[PDB]
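Quick note: the coordinates plus some simple rules give every number you see, no bench work behind them. Positions of Cβ are generated from backbone atoms using ideal geometry, with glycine treated the same way; all protein chains shown enter the neighbour counts.
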Amino acid sequence: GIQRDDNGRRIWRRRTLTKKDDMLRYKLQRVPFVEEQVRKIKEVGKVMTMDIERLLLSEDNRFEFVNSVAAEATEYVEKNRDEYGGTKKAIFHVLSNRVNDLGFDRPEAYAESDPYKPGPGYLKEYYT
Amino acid sequence: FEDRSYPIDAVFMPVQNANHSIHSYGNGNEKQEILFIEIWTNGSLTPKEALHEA
């Protein structure tokens, strides 16, 4: 059990994977060309879609989850009436908070600006 | 020809991938377009350099 050398320090067997794992070499690689996809997903809003499902994974009844979200969203707007009207939505703020409560990081209410917007009067036309 | 030299079918792309996107902004009658260029290079030249060479 306990083993020490002359200096008095403790020497222990470094537990290491003796055998070899096939899947280890087949899964550590990452694709290099998803920069446009990840940017599109965030801009579209599918990042919340995964978060919405993730919350439902730890839930027992999806009808109770939406009632709890609606109840908490109503609580948010009552406290701060002049915050959840435009770029920030009461429901999205609840969802962002509930994800942040799990220990992950999301922007507040999933709100995103347009860094490339030229002027105040220029609104982004959508290419249908 | 054939002198025990084994040919290598080498692809000569230093730019692994490229893509462009268009953002259109309107101000009632000021239709200006914004062009986004997206460049992936294999390190043989920086994407800024590939933009100039192209």
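Could you say whether any residue in the range A:96-108 is under 30 Å from residue B:34 (Cα atoms) and free of Cβ contacts under 8 Å to residues at least 24 places away in the same chain?
Scanning the range A:96-108 turns up at least one residue that is under 30 Å from residue B:34 (Cα atoms) and free of Cβ contacts under 8 Å to residues at least 24 places away in the same chain.
Let me spell it out: the conditions are (1) closer than 30 Å to residue A:117 by Cβ; (2) out of contact with any strand residue (DSSP E or B) (no Cβ under 7 Å at 6 or more places or on another chain); (3) within 14 Å of another protein chain (Cβ to nearest Cβ), and residue B:39 meets all of them except one. Which number is the exception?
Of everything listed in (1) closer than 30 Å to residue A:117 by Cβ; (2) out of contact with any strand residue (DSSP E or B) (no Cβ under 7 Å at 6 or more places or on another chain); (3) within 14 Å of another protein chain (Cβ to nearest Cβ), residue B:39 misses just condition (2).
Give the range B:15-48 a look and list any residue that's loosely packed, with under 13 Cβ neighbours inside 10 Å and part of a loop (DSSP other than H, G, I, E, B), or say none.
Across the range B:15-48, the qualifying residues are B:28, B:29, B:30, B:31, B:42, B:43, B:44, B:46.
Tell me which of these residue A:128 doesn't satisfy, since it passes every other one: (1) assigned to a helix (DSSP H, G or I); (2) among the β-branched types (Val, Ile, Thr); (3) within 21 Å of residue B:36 (Cα to Cα).
Going through the list (1) assigned to a helix (DSSP H, G or I); (2) among the β-branched types (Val, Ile, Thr); (3) within 21 Å of residue B:36 (Cα to Cα), residue A:128 breaks only (1).
Could you pull out the residue among A:103, A:45 that is loosely packed, with under 10 Cβ neighbours inside 10 Å and at positive phi?
Every option except A:103 fails the conditions.
On the given criteria, is residue A:78 acidic (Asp, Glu) and within 22 Å of the chain's Cα centre (by Cα)?
Answer is no for this residue.
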